[PDB]
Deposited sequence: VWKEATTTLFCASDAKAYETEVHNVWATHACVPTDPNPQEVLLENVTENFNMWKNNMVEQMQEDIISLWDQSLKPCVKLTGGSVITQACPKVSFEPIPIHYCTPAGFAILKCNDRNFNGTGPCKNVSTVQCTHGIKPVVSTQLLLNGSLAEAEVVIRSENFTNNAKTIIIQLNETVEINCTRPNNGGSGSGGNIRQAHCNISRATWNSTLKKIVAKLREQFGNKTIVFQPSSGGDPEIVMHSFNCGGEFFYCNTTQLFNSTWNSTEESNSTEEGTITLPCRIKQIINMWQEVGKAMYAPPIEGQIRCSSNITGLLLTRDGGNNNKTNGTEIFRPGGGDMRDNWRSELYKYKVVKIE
């Protein structure tokens, strides 16, 4: 029967490892394993947009961060707190979500399954695959690629307020470095990015009508959703993605993205602002796979005859990050 319960996590955390995900997982999670059973001739409706697993992962990562990444100062709901804010070792590890006795996880194995509606190739699993709880905006990093075709998913495409979650099927490497102070940069392939955009443009045309597709930058909100923001080595990187999202689609070299490491950030855990300590000294570098994207679509008046769809990098709600990995699973009570 469909059911909400308290899922527990499993991981490969090491007790002699001071890295903060390891320390957290050592107390919060069982050691990772795997068993998978195929359920014949069963068809089951899914809805990734209403999946309590997402809320649970959210609570866990909020708790992980709260214990691990202490801002020096936090302002929430007009109330101010200050506290010790030591630098930490920070590198996400894979986390699995598992059902306790009496419950099962159903998994949808349909190819290019969009996350809602009926699934005809269904299995049960003891745990999900291992998910790195990567916190970022605009770009989804270090996730899982689609096996077959590029996929776009939305709770309701006709509602432009609903974020569109893109799952790439071939990764795009992004190399980000702050050299030997708040200035940093990212590199990516101009050609790889163009191929990726081309595959997205194709899937979006399938969805909305082969209307002209345009990409434009984020514009209007918090630095967290205007820039590509992410955490590398404990530092909050904010990367200008204008060059990535400036494109028109109708009928070579490296891209270099300027970044800033910020101390004062708007929090994703809760409405408020937080200040962390300045960057550690020395080279700070992350090489990550872009495995997905978060987009929003512009709305309002457009041409009836030849509509053109405008897309911008989005994100902000990290629940969408988790659903981008959790979309094939649901929990049922047996």
*Which segments of the deposited sequence lack C-alpha coordinates in the modelled structure, numbering from residue 1?*
1 to 2, 36 to 37, 185 to 193, 265 to 272, 356
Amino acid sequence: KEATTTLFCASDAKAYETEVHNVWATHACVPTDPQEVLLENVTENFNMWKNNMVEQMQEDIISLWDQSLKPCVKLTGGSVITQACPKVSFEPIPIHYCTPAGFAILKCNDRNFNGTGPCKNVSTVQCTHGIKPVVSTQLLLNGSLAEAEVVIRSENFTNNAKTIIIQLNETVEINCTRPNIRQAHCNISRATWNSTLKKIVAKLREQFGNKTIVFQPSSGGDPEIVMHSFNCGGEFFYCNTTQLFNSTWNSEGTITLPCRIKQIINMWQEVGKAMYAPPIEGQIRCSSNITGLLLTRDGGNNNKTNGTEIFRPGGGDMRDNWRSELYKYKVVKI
From here on, numbers count along this sequence of modelled residues.
*Should the higher mean CA B-factor in the entry be assigned to 54 to 62 or to 279 to 287?*
279 to 287
*Comparing 75 to 83 with 145 to 153, which stretch shows the greater average C-alpha B-factor in the deposited entry?*
75 to 83
*Choose from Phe311, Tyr16, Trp322, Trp24 the residue with the greatest Cα B-factor as stated in the PDB record.*
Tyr16
*Specify which of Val135, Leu139, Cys119, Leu244 carries the largest Cα B factor in the deposited PDB entry.*
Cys119
_Please say which third, lowest, middle or highest, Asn303 falls into when its CA temperature factor is compared across its chain._
middle
*C-alpha B factor of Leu293, ranked within the chain: lowest, middle or highest third?*
lowest
*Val331: which third of its chain by C-alpha temperature factor?*
lowest
*Taking the chain's C-alpha temperature factors as the reference, tell me which third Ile164 falls into: lowest, middle or highest.*
lowest
*Lowest, middle or highest third: where is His228 by Cα B-factor in its chain?*
lowest
